[PDB]
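Taking the form deposited in one PDB entry, here's one chain by itself in structure tokens.
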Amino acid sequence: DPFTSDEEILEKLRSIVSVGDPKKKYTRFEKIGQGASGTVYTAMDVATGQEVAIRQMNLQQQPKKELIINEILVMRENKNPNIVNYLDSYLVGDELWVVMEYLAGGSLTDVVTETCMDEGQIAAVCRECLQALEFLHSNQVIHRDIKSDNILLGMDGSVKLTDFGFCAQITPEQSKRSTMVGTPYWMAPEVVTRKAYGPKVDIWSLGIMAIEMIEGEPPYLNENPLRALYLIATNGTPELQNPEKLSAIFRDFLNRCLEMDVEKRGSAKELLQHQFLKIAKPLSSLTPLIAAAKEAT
């Protein structure tokens, strides 16, 4: 809850976290980012040598701490092969640390922006994301922020979802959400046109991420977000630049992800059965694109 006190926030985090100081467990500190959500490092588990990613947050400068608690709890209880592994958390005064596996392959955004994926490689990424989405949805978790930025890549071509800061946890009692939380360009039209959306908003975004993999950008990226949202609600299913360049089974897959009618849009479970995913190259096929993008970036 947003009204929960500073001190009740701290007591709850104290109960979640491992005891003591995280330097008691890590060493390779390179800062790899900073900003509103906190500061990110790569580091090394001192004990095991595992490379990790660590976010450090000052709770004093954290506006919405309920969402940080939620994010860790969701990660902890929703472990999956296709979700970046949550390892540990520490609280030292007002300083919160969250430790994750590190994926040395970077973001899918780098890949879509610096290389040109083939349909075999696209099918493999979509499959792996749909594996995480089937698992989430069946556990009543909606990611709500699916986009290339939130897919991370191993050097072996592992595909892992990240950034559950905006996820919703639903129940049969309240199966639908209304909050507009996701990144504009990837938002399903029903997020703006109604006040009741479910898990299939993640399928829509997945479909937008497939357009990224084909074209390099989601539709309307050059638009102000405010215009993009009106455009999604009024254009509906986005149009491809060059649909003739795509295989018939890939075009069918995209149409199933980007169906205007939520009922008719595929669920993650249904789409795991799609024949487009059958042309998937081994995930190792992604390694030259990942290495080429790492190089460019």
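Numbering starts at 1 and follows the sequence shown.
Checklist entry - Which has higher Cα B-factors on average according to the PDB entry: 275 to 283 or 15 to 23? => result Between 275 to 283 and 15 to 23, it is 15 to 23 that shows the higher mean C-alpha B-factor.
Checklist entry - In the PDB record, does 161 to 169 or 207 to 215 carry the higher mean Cα temperature factor? => result Stretch with the higher mean C-alpha B-factor: 161 to 169.
Item to check | Highest recorded Cα temperature factor - choice among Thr237, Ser267, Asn70, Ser247 | outcome: So the option with the highest C-alpha B-factor is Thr237.
Item to check | Options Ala196, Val112, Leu152, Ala132 - largest CA temperature factor per the record | outcome: It is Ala196.
Item to check | B-factor third for the C-alpha atom of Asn78 within its chain | outcome: It falls in the middle third of the chain.
Item to check | B-factor third for the C-alpha atom of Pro189 within its chain | outcome: For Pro189, the deposited C-alpha B-factor lands in the middle third.
Item to check | Third of the chain's Cα B-factor distribution that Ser175 belongs to, per the entry | outcome: As the PDB entry reports it, the C-alpha B-factor of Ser175 lands in the highest third of its chain.
Checklist entry - What third of the chain, by the recorded C-alpha B-factor, contains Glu30? => result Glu30: CA B-factor falls in the highest third of its chain.
Item to check | For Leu254, the third of its chain into which the C-alpha B factor falls | outcome: Ranked within chain, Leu254 CA B lands in the lowest tercile.
Separately, the form deposited with a small molecule bound exists; it is not shown, and the next lines address it.
Checklist entry - Which single stretch, out of 71 to 79, 216 to 224, 197 to 205, 121 to 129, brings residue heavy atoms within 4.5 Å of the small molecule in the bound PDB entry? => result Going through the listed ranges, the match is 71 to 79.
Checklist entry - Wondering, does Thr115 line up within 4.5 Å of the small molecule in the bound PDB entry on heavy atoms? => result No - in the bound PDB entry, heavy atoms of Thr115 and the small molecule never come within 4.5 Å of each other.
Next on the checklist: Given that the small molecule is not shown alongside this chain, does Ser158 nevertheless sit within 4.5 Å of it in the bound PDB entry, heavy atom to heavy atom?
Outcome noted: Because no heavy atom of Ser158 falls inside 4.5 Å of the small molecule in the bound PDB entry, the answer is no.
Checklist entry - Hey, in the bound PDB entry, is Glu190 touching the small molecule, heavy atoms inside 4.5 Å? => result Heavy-atom contact with the small molecule at 4.5 Å: absent for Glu190.
Checklist entry - Any chance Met209 has a heavy atom within 4.5 Å of the small molecule in the bound PDB entry? => result Although the small molecule is absent here, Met209 would stay clear of it in the bound PDB entry, with no heavy atoms inside 4.5 Å.
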